[PDB]
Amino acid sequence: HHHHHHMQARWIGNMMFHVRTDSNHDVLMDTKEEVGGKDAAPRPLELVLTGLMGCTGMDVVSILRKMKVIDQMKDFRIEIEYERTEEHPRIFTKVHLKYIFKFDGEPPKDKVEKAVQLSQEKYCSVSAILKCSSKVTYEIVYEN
């Protein structure tokens, strides 16, 4: 009895779309004025890439909380670096994710490496979604 999930995006004029999520939150998308938009909200691709970053970020946070070392984590960010063709169909050719951490004291690197590998290789939180003509790459960076 597989779950059927539904969402809807409504055009609200010009190039703007509004979604009310199942989680009951607003999402707006817009584009540049040059292509008919009002630059009043993020671009659709921006939401795609942001969502992908969120999928893996949530994994890592959850896992490190679980592994009881998140209390040492002062900062965490994800950076995505991509290449994508210009001619239609525009496809991702490279996707690289940086997981960048600031810990208080020596970082729990074995735990961090495990959380990231879990997200990337077991959960496949990015690769299970995003088509890319190379394997998604990632790295782990510690900042002081």
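Residue indices: 1-based, along the sequence shown.
When the C-alpha B-factors of 104-112 and 38-46 are averaged, 104-112 comes out higher. Taking the mean C-alpha B-factor of each stretch as recorded, 6-14 and 117-125 are not equal, and the higher mean is that of 117-125. Note on the listed residues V60, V95, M53, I70: the highest Cα temperature factor in the record is that of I70. Among the modelled residues of its chain, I91 has a C-alpha B-factor that falls in the middle third according to the deposited record.
In this PDB entry, the Cα temperature factor of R65 sits in the bottom third of its chain's modelled residues, the lowest group.
Ranked within its chain, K131 lands in the middle third, by CA B factor from the PDB record.
For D26, the recorded CA temperature factor ranks within the highest third of the chain's modelled residues.
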